[PDB]
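J.: Experimental structure and sequence below.
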Amino acid sequence: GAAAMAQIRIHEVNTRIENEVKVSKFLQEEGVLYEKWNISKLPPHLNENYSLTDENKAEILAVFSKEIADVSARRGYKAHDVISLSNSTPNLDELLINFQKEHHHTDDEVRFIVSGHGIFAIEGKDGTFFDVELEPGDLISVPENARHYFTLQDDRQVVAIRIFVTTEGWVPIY
């Protein structure tokens, strides 16, 4: 929907934080890095574009290269790429069930949304799960050892840049 930035839904009580400042203050308290990058830079032929060429991908990484350098140097990341998921993706179901289950990782999990939507569900330090619902222009870093899972929204499609330390730190520890 129409949200500009990320919003939070707390799990048991169902309450919502939507104000910009409170959202980022809240994520700060949970160790979740949040940044808003200037998505208006993205060329329009790359907006809501889900069948991505090798060229389209390289271009996407070219446009946010500065923002990537800054976050990769501030936080110690090394490599990056682009993935897209949609209803048309073969094995969608059999892929998603890997990130729909609660897992953690031994490195941070960093994603920047370019198109579509996602929801990260993160176990807060007080034991309660909260959602971060992401809009394009949203970069989130989910800290090492934090139990979480991932879900698409009802449009079942997302395009993202993944930033990682090593390929080997991507594994779900269930």
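T.: Perfect, I can see it now. Residues are numbered from 1 along each chain as shown.

J.: what's the helix or strand hosting residue 132 packed up against?
T.: Assigned by DSSP states H and E, residue 132 belongs to strand 129-134. The contact analysis (3 or more C-beta pairs under 8 Å, 6 or more residues apart in numbering; DSSP states H and E) places strand 129-134 against strand 7-10, strand 118-123. Just so you know, the C-beta spots here come from the backbone N, C-alpha and C atoms, and that holds for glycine as well.

J.: mind running it again at 10 Å?
T.: Secondary-structure packing of strand 129-134 (3 or more C-beta pairs under 10 Å, 6 or more residues apart in numbering; DSSP states H and E): strand 7-10, strand 16-17, helix 20-29, strand 109-116, strand 118-123, strand 138-142, strand 148-151.

J.: In its sheet, which strands sit next to the shortest one, and in what direction?
T.: Strand pairing for strand 16-17, using DSSP bridges, gives strand 7-10 (antiparallel).

J.: cool, and the fifth one?
T.: Pairing partners of strand 118-123, with direction, according to DSSP bridges: strand 129-134 (antiparallel), strand 148-151 (antiparallel).

J.: Take the helices and strands packed on strand 129-134 and lay them out in TSV including mean neighbour count and distance to residue 67.
T.: Formatted as TSV, the helices and strands packed on strand 129-134 follow (neighbours: other C-beta atoms under 10 Å; distance: least, C-beta to C-beta, whole Å):
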stretch	mean neighbour count	distance to residue 67
strand 7-10	18	21
strand 16-17	15	25
helix 20-29	14	17
strand 109-116	22	8
strand 118-123	19	18
strand 138-142	21	8
strand 148-151	18	22
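
J.: would you turn these into CSV with distance to residue 130?
T.: Formatted as CSV, the helices and strands packed on strand 129-134 follow (distance: least, C-beta to C-beta, whole Å):
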stretch, distance to residue 130
strand 7-10, 5
strand 16-17, 9
helix 20-29, 8
strand 109-116, 16
strand 118-123, 6
strand 138-142, 12
strand 148-151, 10
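
J.: out of those, nearest to residue 159?
T.: Closest approach to residue 159 among these (C-beta to C-beta): strand 109-116, 4.0 Å.

J.: With only the CA atoms kept, save the closest one in CSV.
T.: Written as CSV, here are the backbone C-alpha positions of strand 109-116 (Å, rounded to 0.1, in the frame of the first residue of the first chain):
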residue,chain,number,x,y,z
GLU,A,109,20.9,-10.3,6.8
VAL,A,110,20.7,-7.1,4.8
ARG,A,111,18.1,-6.4,2.1
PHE,A,112,17.2,-3.3,0.2
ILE,A,113,13.8,-3.2,-1.5
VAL,A,114,13.7,-2.0,-5.1
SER,A,115,10.2,-3.2,-6.1
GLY,A,116,7.2,-5.0,-4.5
